[PDB]
Structures are given as structure tokens and as C-alpha cells.
Amino acid sequence: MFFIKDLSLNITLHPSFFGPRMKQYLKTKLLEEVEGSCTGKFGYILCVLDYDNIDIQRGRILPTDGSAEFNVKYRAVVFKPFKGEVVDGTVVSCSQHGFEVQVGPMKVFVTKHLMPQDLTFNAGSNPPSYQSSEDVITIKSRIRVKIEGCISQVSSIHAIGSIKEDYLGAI
Amino acid sequence: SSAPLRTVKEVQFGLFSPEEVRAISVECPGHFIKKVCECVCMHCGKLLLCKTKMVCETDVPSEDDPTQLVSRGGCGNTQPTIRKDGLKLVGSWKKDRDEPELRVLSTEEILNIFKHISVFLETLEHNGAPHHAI
Amino acid sequence: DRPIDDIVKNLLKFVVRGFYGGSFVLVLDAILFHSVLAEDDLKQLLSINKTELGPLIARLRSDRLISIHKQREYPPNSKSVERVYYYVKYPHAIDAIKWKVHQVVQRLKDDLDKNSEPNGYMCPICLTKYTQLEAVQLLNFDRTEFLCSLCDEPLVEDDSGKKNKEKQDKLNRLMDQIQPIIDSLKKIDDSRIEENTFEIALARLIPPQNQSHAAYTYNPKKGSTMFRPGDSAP
Amino acid sequence: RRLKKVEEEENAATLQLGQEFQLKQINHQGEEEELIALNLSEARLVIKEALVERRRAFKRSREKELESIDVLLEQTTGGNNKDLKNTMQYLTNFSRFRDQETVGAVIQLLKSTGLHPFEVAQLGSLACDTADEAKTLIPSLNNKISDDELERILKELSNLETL
Amino acid sequence: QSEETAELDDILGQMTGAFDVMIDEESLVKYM
Amino acid sequence: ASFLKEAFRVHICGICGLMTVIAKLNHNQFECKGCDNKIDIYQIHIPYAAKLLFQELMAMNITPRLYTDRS
Amino acid sequence: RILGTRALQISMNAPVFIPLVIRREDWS
Ligand SMILES: [Zn+2]
Ligand SMILES: [Zn+2]
Ligand SMILES: [Zn+2]
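Residues numbered from 1 in each chain as written, not as in the entry; some residues may be left out. Chains lettered and ligands numbered in written order. Part of a larger assembly, values for the part shown. Heavy atoms only, no water.

**As for the coordination of the zinc ion (ligand 2)**
Residue and element names in this part refer to chain C.
Here is step 1 of the chain: In the first shell of the zinc ion (ligand 2), the protein supplies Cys 123 (SG), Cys 126 (SG), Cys 148 (SG) and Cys 151 (SG), at 2.3 Å from the metal.
Here is step 2 of the chain: Seen from the zinc ion (ligand 2), its 4 donor atoms lie at angles of 106 to 113°, and the figure they make is tetrahedral.
Here is step 3 of the chain: Between the donor residues of the zinc ion (ligand 2), the gaps in sequence give the motif C-x2-C-x21-C-x2-C.
Here is step 4 of the chain: Judged by its relative accessible area of 0%, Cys 123 falls in the buried class. (Donors = N, O, S within 2.8 Å, 3.2 Å for Na, K, Ca; no water. Tetrahedral: all angles 85-135°; square planar, octahedral: opposite > 155°, others 65-115°. Buried < 20%, exposed > 50% of the residue type's maximum accessible area, 1.4 Å probe, protein only.)

Here's what the structure looks like:
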């Protein structure tokens, strides 16, 4: 799910950037260190809103490092997954263990046990697929997945998906 | 390391609860009485009021009106005169009506009492091992 | 004597004969047939040595099916000696049985619930198990098999996928074999049982021997305010 | 005096989103504001509206949409933007409200119910035909909203769907 | 070696410590 | 005071101040089993002697909890 | 600490024009 979250960061600036345009460098650091990053506490951070209106407090010089620590408050759109949520995505990889669905910046794993009994794994077909008398699942196919669990690390997030329940599967 | 670099601001000393030790127990950082007994009752764990007091005082005189006793939570068991013998706590009782009764306050008894106080060998006992051996 | 005593004894007899070995039946039945029983008298009745009686008593004391009572005895012929008596405290034993029955049933219920959940992959070389959520972050670039973080070896799917039905049978078997305990407990709860004591238990004594050295009498010291843990009952 | 306490697991079915995604969040200004959960179409416009402003500042100082968003991304965003590229590509391929006006209608439509922000975002992101599909895909809706109201809301949502 | 060179409590290898040193954005824009 | 300061990096859990954070630096993963947290970790540069002192205190049932915030 | 702070900053390839304020109340 996508949220507009008010986040704060502690940036460090090397002494080589102490000039009239120091604020510009801090904005670049925020755009290069925040955007595209994954944080378990808040989830993926996609975009930073109000680029011009970023508030920067006075920097503090570290004793033995010489760099300045800047606390930057900004508004950014984030994607934090949750178990029990229903999301849509496209299958990107397949194997005996299970196929993976691309939900935004996250990859959902559908284990062989979680998928219905009817689905069977066949690798003779190129590419490999999960086939059921009704439908067939393969790369680039759109699948509706239910997140059954999420493990959020400080710098990474992984989740598992299930299509056992009704109204979940090929779209 | 990806964890933020911070400076230690406070050091909160304390004690390890039994649950924490088991839970905590698994560049690497490595992986892992006498005073109180005289203040609380050795049968109910309630504060006597404390060393001088040798009775639980199940009933105490009312503060508002004299000669009008008020019932308080207690068990009326006379407290022992706890003394430290070696590394064990031996309690001596003074019989009302002539050597005092002496017995060793087992750590299990004290552990039970301390747990009633109102944030921060196996082979022998398993089979045989008369009380003297234990 | 009373209906309450008979039902409580039957529950104790059933538990011992089913959930314990053979010698335990002998020991507990001897102290149920009799009142508080001295250690020496118990040995003579069962004709078993101290080394064999000790393990039985210790295990029965751990489950609180038998209580111990030590007191000093003063015989004119010999010097003062300490005698040990064994009896049964029905409130303690019944509470222990109720707790254990609930725990055993709950453990099977939890195992059945756990078994129905998806299995967690395990590494053969280091024998360090991994859950599905934990194994998902071990995927490799080619995304064929989970590779152990330590060994860097393909993970092997764990067993217990076929036991989904065996545990249900086990729970069914236990509840059928354990039915008498539940039925007896229901009647016990309906009534109210008094807590026994060494003195109280002596009111139903059937002496084992003719000249037993143990003086089966309770002579508490005069005005002794000392109290031992678990020495009195409501 | 802070140590381990029992914490409810973050579950969408129970609407327990955690500690940081609670209902009322104290923003940077210090004011109390409700959580802002966005559906796929609403998020796409918000991200798109921010990127264009970013490009505007830099310059001053459905298949066609996929290409246009990608070129804008590579122009107005720095490196390590592999995640944002997928998000924009995924948002355009799973959004049922392309027009800004349609998104505004959706927000006004679902805001009458008064449901939790997570629930309303799900109702506009998932294509649900029958009330049962919405009730089972979003267990939180169970007993929170009547079937009759849900059926008409879903019917009206499909009425304003485009493309 | 460097250019620069149950109760709660405040040996830890930590610190001039009386006063901190901060950077000034108002002055940086003016010096240049 | 800079000269006086002029070494060991340890990871401390945010809920409990103990240095019990199993840090898989290769995989960029941190965990404090018993706290069931992986997103509240901090790293502090303390002397190796200080680490030894705290570990010795932990051996005597003492919980020296190093916290990076002031209550 | 300003003299050592700027000395370290200069040694780290910092432009030379001391835009620092002492946070005793902040003063330049
Ligand atoms: Zn008392
Ligand atoms: Zn291994
Ligand atoms: Zn911890």
C-alpha cells in the first residue's frame, strides 16, 4: 500500500561541500540516498514530495570526522507491505519452488505449498509454468496475490504470497 | 555496518530476569537477601509494618479510634530471627511458651516468599538421594 | 467411608497404572490402602530395597501425588531418630493431574496446529532449519534453490507434510484413553474435598506390621511457633 | 522504563498496521493529521505531479504513457532509481483511473462511507464486481459496511472507470 | 595522530566537550 | 578533550541496551533474539576494555544497558 | 575546538574563504 509519510533523516556531508551551495548538495544526497532505498520501518521510499520546501536544521560538526551531520525532514511517498493484504502484480520468475510476483518495487514469493493442489509444475514447456485445467501461470502473466507474511530488515523487505483462497489467482 | 552510529547517553544498570537470560542466550561482539527477609513476612511476603517486628500483626489497632482493632492482610505467624550461617540463612523462632526452633531457610522457600512481595544435582534428585544427600 | 474418597482414589489408581510404570502402582496403592506410611514399613510391604524405592518416591513426589512428613521420634530403648512418612494430599494430586492433562492435550493440539502449517526448509550440511519466510531471502540470482547462508548449499524440503493425519489420530486416541480422568474430575469439581494432613490421614490408619518401629502418632511440640513450608492446610 | 512488551503483529485483516502507520500521525509541523493511504491511481498522480515539478525546477535553473513516464524518470531522477522505474511502470499497468477528474470522483465517492483509510485505498485499487469479492479480499470490511451500500459503491466505481 | 588533536547513569571512549561546534549556512553563503 | 579520546564497534539493541545484536554484516542483517526486532539497532564505538567490562557485568547478572537517548 | 575543527576540514579538501557557530545559545 502507498502512503504519504513524514520522514526524517540524518545526512552527513564531507567537508569538501562547505560552500554557498551546500544546501543544494544536501538535496542531492537526499535524492540519491533516500529515493529507491528500502527501510524496514517505513518500507520502500519512492518519491520525495515538496522538493523546494525541504527543511534542514543547523548542522553539527563531528569531532573526529570533520563532516557535518544534517537532520533533514521531508515528505515522501512510501510503499509498506502488510500481511493479509491483496495486491496485483506480474510474474517475473518461475521455478520448482514457486513463482514470484512483482508488486511495485517488491517481489512476492508464492511457495509450492501455498498454491492450490490443482496447479502443477511443468518445465518441459519453454518457459516453465504452473498449469491447471482452467488457467496457466507463466512469466509476464498477471496474478492477484495475498501477502501471508513479511520479514522487514533494516535495509530490505521480503514477503510470501498465497493464491489458495478463492478470488485469488490469474486476473 | 548499516546501523546508525550513535553515542551512548545513558547506562541503566539492573539485573537479569530468568526469562531474559534464556531469550538473550544463543568483529563479532560475543554471544552469551538477609536484609529483605527481615522486612517482609516469611509466610505471606507482606511488609511487617521492620527487623524488630517479630509478628505479622494480622490485626492492627485503628489509627482513628483506639481500642478498635482493624483487620489487615496478614497471617499472624511469628517471624524468625534470621541469621547468616556460612552461605545459608538460618531462621530461629522464639516459642511463646526452651531453645528456639532452628531450621535452614531453603532458597526455594525464600524464592517463593520473594515472589509474593507486592521493570529493571539433577541425577541425584531424579532417583533416590535421601534428604541428607540432597 | 464417603463417596468422595472412593472416586478420588480411583482417579489416582487410574493415573498411576496408565501413565506410570509397574512399581509405582505398588508404592502408591500401598499408601492409598493405608494411611500415612513409614518408609521402613513401606519397604517391608513391597520387599524392595532403598535403592529401588527411592526412584519411585522421588518421581511421585515431583508430580505431587505423594507428600512427605519428617518428625523426630523418641523411643526409650534407642536414641532419638528421624522417621519419614508418606501419604497423599488429594487437593495437590488432583490439581497436578488436571494441569498435566490440560498440558498434554494442549501440546498435541499445538503440534497438530503447527503441523498443518507449511513446512520449513532445512540445510543438510549444518542442520540449521529455516522457515519459509526466512528461506525466501536466501534466493540466488538464478532463483532455482534456496542456498544456505553459511554453507552456500541448496536447501532440502523438510518432512512432516504427510503427518497431517497421524496427529489427528493421536489426539483421537488420547481423548478416548483419557476419558475416565475427565469423567472423574467432573464429579470431583461438583463436590468439595477437604485437604488432608499427617494428623488427619492418621484417622484411617491400618497398621502394616505388629511391632513397627515407627510410632504412628503426631505429637507436635508445645507452643512451637515455627512453621515449615507446606506444613499446614486450610 | 522501556523494555520488551507484547506487540500486535502487523496484519491488514485486523487493521493493525503497526506503530508508525497508526491512524493519527504527528506531522513535522507538530499538528495531528490522519494517515494518508493512497490507491494505485491516486499514488500515480502524486508521484507524477512531483516529478514534473522536479523537472521544472531543473530546467528553469496506454503504451505511450509507459514511455513518457520512463523518459521523465531518467531525466529528473538521479542514479539507483531501479525501484522507482518499476513502481511507475507497475502503477500505469494496474491503475483503473487515468484521469485526474476520475480520481477526484473516486475519493469523493468513497469518502462518504467513513471507513479506515487503508480500507478505502483497497476499495479503489482492487477491481471488485460483487460484494463477496470485496468482503473476502478485504476482511476488514466484514460487518463494517452493509452489502447494499457496498454493491452500489462498487457499481458506481465501475461506472466512472475509464480505458 | 589526527588533525583535530537498577540505577540510571550518564570509560565509554567519549569526549572542548563543554561546547559544541555547528556549521553556519547563513555565513557560508556570504563568505564566497 | 579530543586528545584524551584519541576501539571497538559493537551493535546495541534499541529496546535492550545489551550488546546482543547478532549482526550478519555480509547480508546486512541485524537481529536481537529475545527482543524480536531488526529495525532498532545502533552501533557505538567503545573501547574493547569497555566491551569487556560490560560483558563481565553481564556475567555477574548485571544488566548494563547502553542507551543512545536520554529519558 | 574551532581551530582543530577547521584544520581537519581543510585537510579533507574543504574550500577556504570559518563559517562555524559555537553551540555553547548559538554564537558565530
Ligand atoms: Zn505474614
Ligand atoms: Zn548450512
Ligand atoms: Zn534487544
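Let us keep going from here.
**Overview of the packing of aromatic side chains**
Here is step 1 of the chain: Taken as a whole, this structure holds 17 aromatic pairs over all chains when the rule is applied.
Here is step 2 of the chain: Centre to centre, the rings of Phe 17 of chain A and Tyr 25 of chain A are 4.4 Å apart; their planes meet at 45°, and the pair counts as tilted.
Here is step 3 of the chain: Residue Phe 17 of chain A is classed as partly exposed on the basis of its relative accessible area of 31%.
Here is step 4 of the chain: Since its relative accessible area comes to 29%, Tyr 25 of chain A is described here as partly exposed.
Here is step 5 of the chain: Here the aromatic rings of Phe 8 of chain F and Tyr 48 of chain F are separated by 4.9 Å at their centres, their planes lie at 70°, and the arrangement is edge-to-face. On the criterion of sequence distance, the pair formed by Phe 8 of chain F in strand β1 (residues 8-13) and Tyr 48 of chain F in helix α2 (residues 48-59) is long-range, its members being 40 residues apart.
Here is step 6 of the chain: Assessed through its relative accessible area of 47%, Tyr 48 of chain F is described here as partly exposed.
Here is step 7 of the chain: In this structure, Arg 59 of chain C packs its charged tip against the face of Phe 24 of chain C, placed 4.9 Å from the ring centre. (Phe/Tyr/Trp six-rings, centres within 6.5 Å; stacked < 30°, edge-to-face > 60°. Helix = DSSP H or I, 4+ residues; strand = E, 2+ residues; numbered from the N terminus. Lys NZ or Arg CZ within 6 Å of the ring centre and 35° of its normal.)

**Quick notes on the pairing of strand β2 (residues 67-73) of chain C**
Residue and element names in this part refer to chain C.
Here is step 1 of the chain: Here β2 shows a buried face lined by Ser 67, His 69, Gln 71 and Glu 73 and an unburied face lined by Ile 68, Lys 70 and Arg 72.
Here is step 2 of the chain: In terms of strand pairing, β2 meets strand β3 (residues 81-87) through 7 bridges, oriented antiparallel. Residue pairing across strands places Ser 67 opposite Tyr 87, the latter belonging to β3. (Pairing = 2+ DSSP bridges.)

**Concerning the sheet that holds strand β11 (residues 129-131) of chain A**
Residues and elements named next belong to chain A.
Here is step 1 of the chain: With respect to topology, 3 strands assemble into an open sheet ordered β10-β11-β12, the strand pairing being antiparallel. Here the strands that pair on one side only, and so sit at the sheet edges, are β10 (120-122) and β12 (136-137).
Here is step 2 of the chain: Bridging between β10 and β11 involves 3 bridges; their strand directions are antiparallel. For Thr 120, the partnering residue across the bridge sits in β11 and is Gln 131.

**Let's talk about the pairing of β1 of chain F**
Residue and element names in this part refer to chain F.
Here is step 1 of the chain: With respect to burial, β1 is a largely interior element, 5 of its 6 residues being buried.
Here is step 2 of the chain: Sheet analysis places β1 next to strand β4 (residues 41-46), joined by 6 bridges and oriented antiparallel. Its bridge partner lying in β4, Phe 8 is registered against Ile 46.

**Quick look at the interface of chain E and chain F**
Buried accessible area, meaning the area lost when the parts come together, often serves as the stated size of an interface.
Here is step 1 of the chain: On the side of chain F, 13 residues touch chain E, which itself brings 10 residues to the contact.
Here is step 2 of the chain: Taken together, the two surfaces of chain E and chain F that pack against each other cover about 920 Å², and 68% of this comes from carbon and sulfur.
Here is step 3 of the chain: Taken as a group, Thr 5, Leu 12 and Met 15 of chain E account for 45% of the area that chain E buries against chain F, more than any other trio of residues on that side.
Here is step 4 of the chain: Here chain E is connected to chain F by 0 salt bridges.
Here is step 5 of the chain: Counting the contacts that link chain E with chain F gives 1 residue pair in polar contact. (Contact = heavy atoms within 4.5 Å. Buried area = accessible area lost by both parts, 1.4 Å probe. Salt bridge = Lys/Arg side-chain N within 4 Å of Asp/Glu carboxyl O. Polar contact = N/O pair within 3.5 Å; in protein donor to acceptor, adjacent residues only side chain to side chain.)

**Focus on the environment of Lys 114 of chain C**
Here is step 1 of the chain: Note that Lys 114 of chain C resides in helix α5 (residues 90-116).
Here is step 2 of the chain: Distance from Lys 114 of chain C to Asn 164 of chain C, taken between C-alpha atoms, is 9.7 Å for residues 50 residues apart in sequence.

**What to know about the interface of chain D and chain A**
Here is step 1 of the chain: On the chain A side, the residues contacting the 43 residues of chain D number 43 residues.
Here is step 2 of the chain: Buried area between chain D and chain A, summed over both chains or domains, comes out near 4000 Å², and the portion from carbon and sulfur atoms is 61%.
Here is step 3 of the chain: Residues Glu 10 of chain D and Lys 80 of chain A are paired through a salt bridge, measuring 3.4 Å at the closest nitrogen-oxygen approach.
Here is step 4 of the chain: Run the count over chain D and chain A and you get 12 residue pairs in polar contact.
Here is step 5 of the chain: Looking at the side of chain D that touches chain A, the elements with two or more residues in it are β3 (37-38), α1 (40-60), α3 (82-92), α5 (117-125) and α6 (131-137) of chain D.
Here is step 6 of the chain: Broken down by class, the residue content of the side of chain D that touches chain A amounts to 24 nonpolar, 12 polar and 7 charged.
Here is step 7 of the chain: With 2 bridges connecting them, strand β1 (residues 2-13) of chain A and β3 of chain D associate as antiparallel partners. Across the sheet, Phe 2 of chain A pairs through a bridge with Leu 38 of chain D, a residue of β3 of chain D. (Nonpolar A, V, L, I, M, F, W, Y, C, P; charged D, E, K, R; others polar.)

**A few points about the pattern of salt bridges**
Here is step 1 of the chain: Applying the stated criterion across every chain yields a total of 32 salt bridges over all chains.
Here is step 2 of the chain: Between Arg 143 of chain C and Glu 100 of chain A there is a salt bridge, with the nearest N and O atoms lying 2.8 Å from each other. Linking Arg 143 of chain C in the loop between α6 (132-136) and α7 (166-177) with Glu 100 of chain A in strand β8 (residues 98-103), this pair reaches from one chain into another.
Here is step 3 of the chain: On the basis of relative accessible area, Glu 100 of chain A is assigned to the buried category, the value being 2%.

**Describing empty space enclosed by the protein**
Here is step 1 of the chain: Of the volumes computed, that of the largest cavity is approximately 110 Å³.
Here is step 2 of the chain: What lines the largest cavity is a set of 13 residues, and nearest its centre among them are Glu 85 and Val 87 of chain A together with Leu 40, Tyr 90 and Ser 125 of chain D.
Here is step 3 of the chain: Of all the secondary-structure elements, those providing two or more residues to the lining of the largest cavity are β7 (86-93) of chain A together with α5 of chain D.
Here is step 4 of the chain: Among the elements that line the lining of the largest cavity, the one with the most residues is β7 of chain A, at 3 residues. (1 Å grid on protein atoms, 1.4 Å probe; cavity = no way out; pocket = protein on both sides within 12 Å on 5 of 7 lines; lining within 4 Å. Points joined across faces, edges and corners; volume = space filled by probe spheres on them.)

**A word on the coordination of the zinc ion (ligand 3)**
Residue and element names in this part refer to chain F.
Here is step 1 of the chain: The coordination sphere of the zinc ion (ligand 3), as far as protein atoms go, consists of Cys 13 (SG), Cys 16 (SG), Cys 32 (SG) and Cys 35 (SG), spread over 2.3 Å.
Here is step 2 of the chain: Mapping the donors of the zinc ion (ligand 3) onto the primary sequence gives the spacing C-x2-C-x15-C-x2-C. Judged on exposure class, the residue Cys 32 and its partner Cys 35 are both buried.

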